[PDB]
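Any value given below was found using the heavy atoms of this structure, including those in side chains, with hydrogens, waters and symmetry copies removed. Below, chains carry the letters A, B, ... as their sequence lines are ordered, and counting in each starts from 1.
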Amino acid sequence: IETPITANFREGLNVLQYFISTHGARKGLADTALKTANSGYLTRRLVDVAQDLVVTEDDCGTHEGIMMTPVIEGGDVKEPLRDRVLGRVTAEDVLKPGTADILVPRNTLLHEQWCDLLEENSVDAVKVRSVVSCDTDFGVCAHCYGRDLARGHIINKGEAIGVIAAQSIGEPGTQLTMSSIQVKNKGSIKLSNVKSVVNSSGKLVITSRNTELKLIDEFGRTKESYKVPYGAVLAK
Amino acid sequence: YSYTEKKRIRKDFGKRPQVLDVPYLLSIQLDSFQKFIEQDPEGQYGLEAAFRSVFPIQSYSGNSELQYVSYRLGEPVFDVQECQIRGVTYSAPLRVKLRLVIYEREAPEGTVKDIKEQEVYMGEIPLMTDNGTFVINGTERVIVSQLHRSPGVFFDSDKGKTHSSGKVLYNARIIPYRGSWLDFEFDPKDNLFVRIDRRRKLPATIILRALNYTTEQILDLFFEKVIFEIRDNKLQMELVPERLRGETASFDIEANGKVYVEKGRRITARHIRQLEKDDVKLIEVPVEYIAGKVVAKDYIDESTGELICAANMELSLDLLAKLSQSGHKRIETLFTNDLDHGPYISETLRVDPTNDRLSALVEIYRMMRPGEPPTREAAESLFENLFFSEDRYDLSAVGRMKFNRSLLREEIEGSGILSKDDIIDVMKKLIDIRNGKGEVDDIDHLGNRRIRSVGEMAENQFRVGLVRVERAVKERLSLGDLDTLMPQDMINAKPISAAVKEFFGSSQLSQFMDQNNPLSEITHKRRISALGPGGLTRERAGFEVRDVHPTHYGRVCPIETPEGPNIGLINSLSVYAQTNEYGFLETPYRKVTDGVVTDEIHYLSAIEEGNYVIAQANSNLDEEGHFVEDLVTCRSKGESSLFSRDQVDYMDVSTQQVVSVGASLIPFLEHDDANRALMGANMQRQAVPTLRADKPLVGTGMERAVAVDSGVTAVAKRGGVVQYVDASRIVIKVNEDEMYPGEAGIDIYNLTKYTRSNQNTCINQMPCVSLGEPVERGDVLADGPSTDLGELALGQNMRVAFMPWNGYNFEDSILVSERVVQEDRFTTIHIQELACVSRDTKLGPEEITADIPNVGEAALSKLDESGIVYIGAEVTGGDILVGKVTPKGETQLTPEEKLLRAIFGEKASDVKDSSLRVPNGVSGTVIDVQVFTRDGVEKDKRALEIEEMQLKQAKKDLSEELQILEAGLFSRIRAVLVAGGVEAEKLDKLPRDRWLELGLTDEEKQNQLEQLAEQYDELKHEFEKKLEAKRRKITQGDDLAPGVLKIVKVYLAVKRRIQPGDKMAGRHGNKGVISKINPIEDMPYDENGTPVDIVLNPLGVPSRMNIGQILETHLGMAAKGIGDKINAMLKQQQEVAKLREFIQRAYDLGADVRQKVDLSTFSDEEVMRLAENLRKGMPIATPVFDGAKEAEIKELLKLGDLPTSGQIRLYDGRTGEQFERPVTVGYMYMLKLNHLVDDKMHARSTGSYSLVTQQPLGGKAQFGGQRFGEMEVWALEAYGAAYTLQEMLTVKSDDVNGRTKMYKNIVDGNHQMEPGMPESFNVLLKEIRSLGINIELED
Amino acid sequence: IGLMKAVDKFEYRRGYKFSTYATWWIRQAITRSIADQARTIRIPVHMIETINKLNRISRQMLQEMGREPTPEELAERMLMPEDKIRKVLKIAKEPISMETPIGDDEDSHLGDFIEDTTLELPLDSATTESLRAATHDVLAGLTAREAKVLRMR
Amino acid sequence: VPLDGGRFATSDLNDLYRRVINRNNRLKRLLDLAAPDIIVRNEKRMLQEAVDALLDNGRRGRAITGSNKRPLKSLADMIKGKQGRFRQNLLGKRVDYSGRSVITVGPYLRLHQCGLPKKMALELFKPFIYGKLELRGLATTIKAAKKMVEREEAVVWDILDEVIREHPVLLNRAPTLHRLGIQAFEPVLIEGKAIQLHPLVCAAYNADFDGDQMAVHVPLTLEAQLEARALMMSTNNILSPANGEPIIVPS
Ligand code: 118
Ligand SMILES: [Mg+2]
Ligand SMILES: [Mg+2]
Ligand SMILES: [Zn+2]
């Protein structure tokens, strides 16, 4: 509506301001009741797909894993690396950014002291273990799962992780709603997935469509990352 | 001021004057039944227009007929209260007058053969009491109105959502009251289609062939024609220029003058401007231009008869040459303009498989009834039955008005069947909407939804009863001899009575009344529903029908509505809303004439209000109507804006015409969030009436009307002087002006005492007036439940402080003082009923006796010799109320028990104990007993005693009025025989009955001295009739069910004091549970020693924005502070002048308020009565959007010598210290809600199991278990608690051997189980094997 | 099945049409099958005719009096002993379905509140077992041969 | 089954079996009268339709309805759906030894403690009390123990206090969205009728004191008691299982 409500509750509204304020009140009250059903139905389908998965073994013995890095898109660092490896088990013997900086028997529950050790150095990628790559059939092993998030130690063999996964995803579902690159701080500029050429006006151009432009910190941890459109002329 | 209003006057803070009074709040139910049962000489209403739509019923062959002449309704057997005591429906008999006319066809029509007239009985009609309810099987019920879609035609579209291209698709629907549905629609390729009852789809023009149209006439009424001439073998064309709008020439346009527009140039407006200003007649064009257009007429060769081109064929120069080689000088073609005049119906004609009427009828028949080939008559009859026969189709008197107004016709009334013009006009307007003329309508506008009420939904069911009677009257008029036949032998009355009583007793809109409050009933009788027969379903209603619409303003309340899945579907009527003669809602407004608001009221509907500019109620006026300023806020076309003071047509009548009655009782509603005003209005309807009633200190001025219009009080019918007052009846002696010239003029009101309501609460009246004082018409004489001197009083006003206390008010909790539970402020009385039914068995009848076997004789002390408890007893759980024994079949005995009987010698007997007992936890006093026994059964001592005493004081209540009639009559004859002398004191010493044999006057006086003895026996003419009728109605039997011999009913009464767990609330959405009752000396107190009643949390106000509960707390202090002054001047014994001056200063305070109270016209006793009524605080009035302001609150706080900030210093009771900061302390109004914790608490160790699955039953009334549902098993297997789960499934619920073995292990001190397989698994295996599937357990 | 018998019993010599003779057997078959089927609990034919006659009498007494007659006013005109008129009036009711919706909703049915009546309470089971043990203990005091006779008796 | 009043009540499978039986008998008659085939075909069609409506009612045409104009329930509607055997009687049940009541706040409790009314606890714990009474010799037989308990003598309230000593109790509030919706406490007997809850556990329950109600369950065997003490007791549940954060924060 064009004219706003220029009053407050300590002063009192009009008949008309009150009338036009009732619309949003009923809209919200009606969305709540008709959203709870969708949330419950989703939880039931998740529980039914996940119900028979149980920690069966102690160690399957793979070397596979997944590469954990922070998420830096959309602006500043939204999720640090510490919040994404706390509790997981290392897949390979990672080394601080020199060479042969071993911290690992290569099966290492990354409790808080190891995360502090990783953050006093600066490392931004760790290969860890996962359940989607476990080699045990009819179950998972305790090392591919990691920490029991309510007890604070390695998971016990015999635990019903599927019902917990489904309940944890489903419980919060009632709160869901249902022209030029600038640079903030100073650091190196790095390019990847690139193929270059010099311009007629003394600038850089690239003939790559899928390149990436990263900003490097004092120590070499990527703080921002963009991608440029194809055909654009790189100013520097 | 009125008599009952001058006792306690409530001070008004409102500013705007009132032009229109609040109407009678029950008109919607009382005006709707009176149209159904009344005599209408013109039809269209109710029983008359239901008898004028079936009759006359004529013979199947054409021989005879039945004719309705008139009807009448009789008098009911019992009145309302007898119907409620006995438990029967309150109804009246319907007696219709018919005649039977036999006539022959041998003679031409001769119909004077014979005539037989008679009066037949057709059934019972339930009657509406004077408060708007129906008594049915002894219970009061309410019929709720329904909001549904009007009949008529509705144009709609799907907005680019069905087709992937993003194209909108239009459609049109016709919807009758009764009949079948017809709708047209478009498709992606721009072809019209039609379908009937949402069946398979057919091309549209099929239904134009079945109405006897040919392609010529089909193209005639839809299209426009342009003519081509052959004159010189040169195609010329008569043109009007505007037809060439928005085109581009592929040729040269030559003329007399300018050669206008040629290759590449398209035609702009100035080009056709040239062509029109020079009046360009026939233009030569290339013959390649016409090649591709379609032809209108059908052209044949004259010589050979061979046709060259048919209608609706596209042309080519081949066929044009062929045509000109035959001598045809003219050609008609269909004018097409591809932006506004598209080809729709003409390209539609080319996908039809039909060629003429018979093929079209056959195809419609194949659609409606697939699977057989039709004949030339079946198809024609089927199509003539669908829309064109008045007995299978009926657009209601309102459907026709809507149809005519939606097609811009000028006639309102018409016929209920469809026509050819109607279908053609619907097709025409759908096409016009496709070409960008006019627009779709929306279905949630309150111009497209109407209301039907009791007196229409009852008529629509009486009519189907009548139809089912006619369909059997028709047969008997055919099969037999009509010589010895009377109309009583032809009319079976059971279909009609069944159709009526099923509606009134088992419908979805016929509901058990809500009877907690006066306001609860007022609200239940004004509800509007969208569910029911012919309405929506809860699961299949969308988001858009639940919302608030701009047309709700003034007609439907936007606040009060449920909060579960019924949230938008049930609504409440506004205060001033009305209904049309067609059932459309309308609202009043004032008319503005030449910048002067006038006092003349106009009711307007939702369609009519969009054309005007309507100002607001918050608008000041220059003492003659003129607006004080020159930019007014107004509504127009569904929007709001600023307007000049001369563009204004109407104005609102009041600031409260937007809210319902339940939300116009909240003070400071303008300061509350809407989410919380919803909860406050909902919770006001659940308050329980307390022992004593107490007015609110802060109200809105709306309590008097809700109290009076609910019919819960006793209101005087005629003015007079109170002659007798008691706790149970009042007797008024009428004035002489209001006196009727024929009777005694004595009104008698009999009050209601300690009756139970539908919700087990207590209904009880008590008198207000005192003996000997005057009374005017309309005054309140006695109060009902939750009423104080004629005002609605739903709770008590407490002293509150807003602060935290040691974690006892943590989350919405409440902390209460002991002085509140020891003054009995929230104590309530509950009345409950129990019944003992004696029946027949296959072994003989049961008996109600006092000789109960195997019970101690202490437990039989409270029974009388007839076997029933005494009145006045004090019973607790387990006691016997009515003793009963049943004959018993002979029983087997275990060997061990046989040896026990052999040793100790005792033997059992033939009867078993089936007595009626008090349920556990209940403790009450017996206050009433009732006995119903069957005709042909021996009445007992107690039944006869009830008979005797009700006969006694049933006779005593009638001999009271004859003394007004008889004795005064003697004083009339005392002065007509004494004429001629004075014998007065000589006449006063002999007895009065001997006043007929005195000294006799002349014969005139003598003949009237026998006339007096004529009237003196007229008295006994009239008395014994009444008395014998009453005695016969008292001592007569009753109609108990087949098999039952007698019934006994007992009424208990219980008192309930407030306790931890009880729910409490205020009028602003603040609610919570009591957590603690704590001693009087632990409470915070002020510097004067006065402790506080209730302690509330301040953390509840900010994040809920119900600020109205703070302001009320500040105003209720200012009111109480004024009473404490008046009170002092009555202890201190001041004279009347001081009180007069102080009260006049208190009533004069504020801004320019509309109320004016001048006490200088009061007597001293009246001032003293007012002061004694005000010595507990002065009551205040604060309308909803017109209330009081902070300046006035603080001014009144200063008048009572109180702090202006509203905060004081308090001390701790436990340590005596001071609290650091000041605290808000004031008076609030609280309510006890019917959510008591005595009802809700339940526990079960073992009990009864169900029949098929053999799992515990459910509910508190069944002593049932608790459901361990599907998502609690998930939690238990996420913990890993396997043994807890295995015992929840097998031995607690469903395992039959384990659940009895577990009990005997627990008694022996061994906590172990042995689980088996549940029973529902075996049930599942059986029901799968019964489908032919072999399922088994493999080992 | 009645028409197939009317065809088997026809005689054309008597001169009447076929409709006049066949309608009797058709109506007989339909009427006999309505009274034998179409009731969950089956009533014999003589009781069917008694019920129908009482219905026909109460119809005309209701048309004539304006009320429903009490079994006394039906016994006086039907000329039967009043106890039989009371006995007949119970036999004309059809069983209710166990799926009958009871409340505002349609998820609560009549068949949910029906209790099993043939089960023994566990207090009674415990009492039976305790009494058996007590008797077995008291039967050990006296002689063995003198308790064998009580066990047999 | 007979109701109170002489009226009867029946299932719908009876209505559906009678039609099959007495359409099969008629066909066995017509195959003996040697009728024309136009009539035997109509019988075979009717028999097919009747068996189909007994197995699955609304699948192959219009649904056969009863004398109150509602479709009859069939052998397939008793197995499937939200109200079939599977979801209504096999995956969740009704149970004995359980109750419910309104909740209120007690701020003086420890974290492992709840307040339980005396009357609820007397009802839920009856066989334990009977056995304990007849072990102390205070009652001769179980049927006298019943009347002692029913009279509420003074020794009953002293037996109750040592029965509930070290007996945990499961509390539960609906809807149960995650596993912290069921927790085990130790009871403290109170007067009054409302249950008392510790102020720090109202966040895992999503509970508050504007009128909510809670359910009470009693574990009976030794293993269920061990699991209620070791796994579900409220002093083992301080962390969340979704993220590892604490759940008992002050509000
Ligand atoms: C033609 C017309 C009437 C009857 Sb029928 C009747 C016949 C067989 C089986 C059942 C009914 C009747 C009854 C008594 C005496 C004579 C004939 C009959 C009865 C009531 C209503 C309609 C027809 C039969 C043929
Ligand atoms: Mg509800
Ligand atoms: Mg709550
Ligand atoms: Zn693994």
With the side chain counted from C-beta on, respond yes when B/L585 and B/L446 share a heavy-atom pair under 4.5 Å apart, and no when they do not. yes
Report yes or no: does B/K525 contribute a side-chain atom to a donor-acceptor pair with the main-chain N or O of B/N131 at less than 3.5 Å? yes
B/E560 and B/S660: side-chain donor and acceptor closer than 3.5 Å? yes
Keeping the roles fixed (side chain from B/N404, backbone from B/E411), state whether a donor-acceptor pair exists under 3.5 Å. yes
Shortest non-hydrogen contact between B/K1156 and B/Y1, atoms and distance: O-OH, 4.1 Å
Would B/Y45 and B/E38 satisfy side-chain contact (heavy atoms from CB on, under 4.5 Å), going step by step from the backbone distance to the final call? CA-CA 8 Å; B/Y45 290 133; B/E38 211 163 70; over 6 Å; no
Any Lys/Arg nitrogen of B/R450 or B/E456 sitting under 4.0 Å from an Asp/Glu carboxylate oxygen of the other? yes
Evaluate the criterion ring-ring contact (aromatic ring centres under 6.0 Å, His included) for residue pair A/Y18 and B/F1185; output intermediate values, then yes/no. CA-CA 10 Å; A/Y18 212 94; B/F1185 296 94; 5.7 Å; yes
Salt-bridge criterion met for B/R645 and B/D622 (N-O under 4.0 Å): no
Do the rings of B/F33 and B/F36 sit parallel, tilted or perpendicular, given the 30° and 60° boundaries? tilted
Could you grab the distance from atom CD of B/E600 to atom OG1 of B/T593, nearest 0.5 Å is fine? 6.0 Å
Keeping the roles fixed (side chain from B/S32, backbone from B/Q29), state whether a donor-acceptor pair exists under 3.5 Å. no
Looking at B/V632 and B/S619, what are the two nearest heavy atoms and their distance? CG1-OG, 4.1 Å
Note: B/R704-B/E791 ion pair, threshold 4.0 Å (strictly below): yes
Indicate yes or no for a side-chain donor-acceptor contact from A/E2 to the backbone of B/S641 under 3.5 Å, with no hydrogens or angles considered. no
Is there a side-chain contact between B/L573 and B/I528 (heavy atoms, below 4.5 Å)? yes
Pairwise side-chain contact, B/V596 with B/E624, heavy-atom cut-off 4.5 Å (strictly under): no
A/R10 and B/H671: side-chain donor and acceptor closer than 3.5 Å? no
Gap separating the NZ atom of B/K35 from the CD atom of B/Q44, nearest 0.5 angstrom: 9.5 Å
Counting only N and O atoms by type, is there a donor-acceptor contact under 3.5 Å from the side chain of B/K437 to the main-chain atoms of B/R434? no
Hey, is B/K717 close enough to B/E738 for a salt bridge, meaning N to O under 4.0 Å? no
Tell me whether B/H1114 contacts the main-chain N or O of B/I1110 through its side chain, where contact means a donor paired with an acceptor under 3.5 Å. yes
Between B/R590 and B/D599, is there a side-chain N and carboxylate O pair less than 4.0 Å apart? yes
Can you find a heavy atom in the side chain of B/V1184 that is under 4.5 Å from one in the side chain of B/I666? no
Does the cation-pi check pass for B/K591 over B/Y612, that is, NZ or CZ under 6.0 Å from the six-membered ring centre and within 45° of its axis? no
Is B/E276 paired with B/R245 through a side-chain N to carboxylate O contact shorter than 4.0 Å? no
State, with a plain yes or no, whether a side-chain heavy atom of B/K429 is found less than 4.5 Å away from one of B/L407. yes
Geometric class of the A/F19/A/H23 ring pair [parallel <30°, tilted 30-60°, perpendicular >60°]: perpendicular
Is the shortest side-chain N to carboxylate O distance from B/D422 to B/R400 below 4.0 Å? yes
Using atom types as modelled and distance alone, determine if a side-chain donor or acceptor of B/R676 lies under 3.5 Å from a backbone N or O of B/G1069. yes
With a 4.5 Å heavy-atom cut-off, do B/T598 and B/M651 have their side chains touching? no
Check whether any side-chain N or O of B/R635 sits under 3.5 Å from a backbone N or O of B/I614 as a donor-acceptor pair, and report yes or no. no
Verdict with supporting geometry, B/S574 and B/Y576, side-chain contact (heavy atoms from CB on, under 4.5 Å): CA-CA 6 Å; B/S574 281; B/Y576 295 83; over 6 Å; no
Within a radius of less than 6.0 Å around NZ of B/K6, do more than 12 heavy atoms belonging to other residues, nucleotides or ligands occur? yes
For the student: nearest non-hydrogen atoms of B/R1154 and B/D1186, plus distance: NH1-OD2, 4.0 Å
Atom of B/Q616, atom of A/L16 and distance for their closest heavy-atom approach: OE1-CD1, 3.9 Å
With distance as the sole criterion, is a donor-acceptor pair present between the side chains of B/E1112 and B/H1068 under 3.5 Å? yes
Could you please spell out the steps behind the side-chain contact (heavy atoms from CB on, under 4.5 Å) verdict for B/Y177 and B/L395? CA-CA 5 Å; B/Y177 182 78; B/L395 282 182; over 6 Å; no
Shortest non-hydrogen pair, B/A615 vs B/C634, comes out as CA-SG, 3.7 Å
Could you tell me whether a side-chain N or O of B/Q1155 sits under 3.5 Å from a main-chain N or O of B/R10, the two making a donor and an acceptor? yes
B/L569 versus B/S529: any side-chain heavy-atom pair under 4.5 Å? no
Salt bridge (charged side-chain N to carboxylate O under 4.0 Å, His left out) against B/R546, all qualifying residues, sequence neighbours excluded: none
Spacing of CD belonging to A/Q17 relative to CD1 belonging to A/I1, to within rounding of 0.5 Å: 10.5 Å
Quick check against the 3.5 Å criterion: does B/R555 have a side-chain atom that pairs as donor or acceptor with the backbone of B/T551? yes
Using the side-chain contact (heavy atoms from CB on, under 4.5 Å) rule, take B/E609 and B/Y553 through it: C-alpha gap first, then chi angles, then the decisive distance, then the call. CA-CA 11 Å; B/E609 68 159 20; B/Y553 186 109; 5.9 Å; no
If I compare all heavy atoms of B/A663 with all of B/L669, which pair ends up nearest, and what's the gap? O-CD2, 3.7 Å
